Amino acid sequence: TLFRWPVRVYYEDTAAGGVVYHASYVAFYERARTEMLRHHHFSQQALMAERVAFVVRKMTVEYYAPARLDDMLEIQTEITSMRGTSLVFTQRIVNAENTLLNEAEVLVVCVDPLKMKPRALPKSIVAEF
Amino acid sequence: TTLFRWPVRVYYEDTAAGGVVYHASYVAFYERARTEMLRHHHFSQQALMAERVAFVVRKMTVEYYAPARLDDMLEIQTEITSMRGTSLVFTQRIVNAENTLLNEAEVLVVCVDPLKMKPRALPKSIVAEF
Amino acid sequence: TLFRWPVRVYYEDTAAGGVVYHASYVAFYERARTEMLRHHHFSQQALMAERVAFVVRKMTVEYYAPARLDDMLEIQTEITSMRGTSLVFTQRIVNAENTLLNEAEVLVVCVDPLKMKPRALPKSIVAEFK
Amino acid sequence: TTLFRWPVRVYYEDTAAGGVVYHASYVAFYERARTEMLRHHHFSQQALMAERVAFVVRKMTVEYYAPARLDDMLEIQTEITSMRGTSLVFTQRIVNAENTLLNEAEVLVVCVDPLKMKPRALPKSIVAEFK
Ligand SMILES: CCCCCCCCCC(=O)SCCNC(=O)CCNC(=O)[C@H](O)C(C)(C)COP(=O)(O)OP(=O)(O)OC[C@H]1O[C@@H](n2cnc3c(N)ncnc32)[C@H](O)[C@@H]1OP(=O)(O)O
Ligand SMILES: CCCCCCCCCC(=O)SCCNC(=O)CCNC(=O)[C@H](O)C(C)(C)COP(=O)(O)OP(=O)(O)OC[C@H]1O[C@@H](n2cnc3c(N)ncnc32)[C@H](O)[C@@H]1OP(=O)(O)O
Ligand SMILES: CCCCCCCCCC(=O)SCCNC(=O)CCNC(=O)[C@H](O)C(C)(C)COP(=O)(O)OP(=O)(O)OC[C@H]1O[C@@H](n2cnc3c(N)ncnc32)[C@H](O)[C@@H]1OP(=O)(O)O
């Protein structure tokens with residue numbers, strides 16, 4: 001099931017060319033994944049105290065069109081694959097005219113954050129998705 | 001003054017090793033709140049740029065009283081406390097969900113022509129509003 | 001050939017939990033491409049005079065092991081293919097024990113800065129990196 | 001007056017729309033220079049964390065006189081001007097390649113135990129380095 005998250009573009013996100021810096025979109029995608037988890041009752045600050053954490057293992061981003069200061073964007077996010085210790089997020093960003101700006105596929109691994117050691121997905125998360 | 005409130009969620013990008021918000025992130029938070037205060041009064045800084053009007057920070061003092069942390073929902077509070085000629089002073093504060101005062105700042109802002117970095121007078125539209 | 005660029009990890013690059021934030025690596029790779037180009041005298045000035053800019057079209061990043069605060073990293077960068085209007089950069093990050101932390105493949109398109117429309121690579125870029 | 005100098009190149013990531021360096025990026029640059037001044041004196045904050053020693057910014061004043069721009073090579077200049085109990089004051093400035101003064105800052109830094117966010121005395125070996 002799709003999760004939608006709005007993001008306003010501020011000065012901090014722009015670069016000298018007048019458009020959003022290509023790495024700023026990477027952060028935007030992370031916020032949307034965090035809010036999708038939050039919507040299903042997962043706080044990563046809370047989980048870290050339980051020695052549960054999620055890290056990016058692989059990421060592909062393809063850039064089609066720019067965003068500019070003051071644009072209101074929408075990040076669209078789905079969990080498309082789920083396995084033992086990892087899951088795949090498929091994401092994209094559109095602007096207020098529904099123009100596709102870019103899209104990403106993100107492989108995420110569940111780890112023990114003190115050992116950086118992969119651990120099985122909590123069955124709560126497997127059931128919730 | 002007419003106070004303006006803006007909520008901000010703390011994400012991983014805002015945090016640093018050791019588990020508190022990085023000190024420069026607060027500076028960005030304060031800027032977002034000034035931008036949204038302007039938006040609430042019908043001003044767009046992308047729009048004003050084509051009109052050769054922009055705002056730059058000239059001086060800033062920040063007090064860090066207590067840390068924010070990952071997943072905190074914060075409130076930025078913003079007032080314009082002084083205006084004259086080309087510049088204005090914002091007084092801003094940050095509180096958390098307990099109403100703990102985490103941070104406060106005083107920001108001197110100068111209106112400039114962006115293609116030249118010259119100070120120019122605050123345009124009458126702005127000063128009329130605030 | 002191979003171009004090497006050192007990068008020190010600072011607090012701004014780290015996140016809560018004590019590792020480098022994943023988007024920080026993306027900026028590190030961009031610095032190394034910029035410095036690779038500079039090493040061949042393709043400074044920003046030189047690119048502007050050639051009426052070219054470079055934009056990232058597609059990028060894949062593999063995160064094998066974390067960098068941490070105070071690590072001195074080495075970014076290794078090579079142009080692995082060059083065709084028409086685009087370049088592919090292959091890049092890797094190792095730490096001071098030569099542990100492979102990260103690698104990336106970056107498709108970069110040559111654009112004119114007016115419409116940001118694709119344009120053929122400058123003959124000097126082609127001549128230098130063939 | 002044992003000044004420490006640190007060079008910084010301005011990259012795209014540091015700039016904002018309009019073509020100047022974003023005002024918060026200077027704050028990061030000053031932090032890098034303090035960290036390198038500590039490193040030159042043989043201290044690592046990652047290592048100090050393991051000993052429950054950390055440094056946090058308590059107050060900062062920044063003055064923006066003139067902008068840095070893409071690809072400028074800057075020099076950050078840093079001195080410790082006060083050192084007392086749990087805290088130090090850093091005085092810093094940024095010049096560009098023509099020695100134009102772009103920026104000045106004063107930063108009050110407090111030593112804390114990072115697990116309790118509670119101030120503690122400066123490590124004796126750090127006090128010895130900068131006295
Ligand atoms: C971490 C501190 C806690 C706080 C979290 C901070 C949150 C902030 C968010 C970020 O910015 S994360 C920072 C950037 N990312 C990193 O630093 C991660 C660095 N990578 C690692 O440390 C290791 O790669 C990792 C611990 C994630 C995995 O180690 P391994 O090499 O032992 O993984 P392994 O080979 O055992 O396989 C793990 C899973 O990935 C799958 N996998 C690995 N490579 C794959 C691939 N290339 N394609 C498809 N699947 C792949 C693999 O099959 C398996 O799936 P399953 O067990 O569910 O079947
Ligand atoms: C820390 C983990 C590893 C290090 C990471 C370094 C990252 C890189 C550098 C940074 O980015 S630092 C992040 C930004 N700075 C901060 O988060 C510092 C936040 N400030 C504090 O936690 C305290 O002010 C500090 C421990 C430094 C000093 O506490 P004190 O009480 O000893 O000093 P002070 O007298 O100056 O405190 C002023 C006011 O803050 C109040 N306060 C202090 N800590 C508080 C607290 N934890 N919660 C609520 N209020 C607090 C304090 O009681 C007092 O209130 P009143 O004036 O009304 O009496
Ligand atoms: C095009 C940008 C559009 C907006 C995009 C940014 C929005 C996002 C928010 C930010 O991140 S703002 C970026 C950080 N802030 C700055 O870069 C502001 C830099 N400051 C200046 O360019 C000038 O100080 C300013 C135009 C604001 C005022 O110039 P003034 O000379 O009329 O005022 P002032 O007397 O306060 O300037 C103090 C000293 O700086 C000197 N100065 C100013 N501009 C200079 C310059 N360009 N080159 C060398 N010196 C300069 C000025 O002459 C004077 O030197 P002296 O008192 O020692 O004689």
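Just follow the structure's listing: the first ligand is 1, and inside any ligand the first atom is 1. Here is how names work: the chains are called A, B, and so on, in the same order as the sequence lines, proteins then strands, and each is numbered from 1.
Aromatic ring centres of A:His40 and A:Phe129: separated by under 6.0 Å.
Near ligand 1, heavy-atom contacts under 4.0 Å come from A:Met48, A:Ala53, A:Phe54, A:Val55, A:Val56, A:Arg57, A:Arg83, A:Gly84, A:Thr85, A:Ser86, A:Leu107, A:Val109, A:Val111, A:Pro113, A:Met116, A:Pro118, B:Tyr12, C:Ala16, C:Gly17, C:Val20, C:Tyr21, C:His22, C:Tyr63, C:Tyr64, C:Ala65, C:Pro66.
Using a 4.5 Å heavy-atom threshold, the side chains of D:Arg34 and D:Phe55 count as separate.
Applying the ring pair (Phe, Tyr, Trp, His ring centres under 6.0 Å) criterion to D:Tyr64, with sequence neighbours excluded, gives D:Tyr26. Annotation: side chain to side chain donor-acceptor pair (under 3.5 Å) contacts of B:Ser87 (sequence neighbours excluded): none. When the ring pair (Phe, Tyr, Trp, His ring centres under 6.0 Å) test is applied to B:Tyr11, no partner is found at least two apart in sequence or on another chain.
Contact atoms of ligand 2 toward B:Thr100: 49 (C) (distance under 4.0 Å to a heavy atom of the residue).
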* To do: Would you please test D:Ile94 and D:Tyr30 for side chain to side chain contact (heavy atoms under 4.5 Å, CB included) and show each step?
  => CA-CA 8 Å; D:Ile94 300 177; D:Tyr30 283 124; 3.5 Å; yes
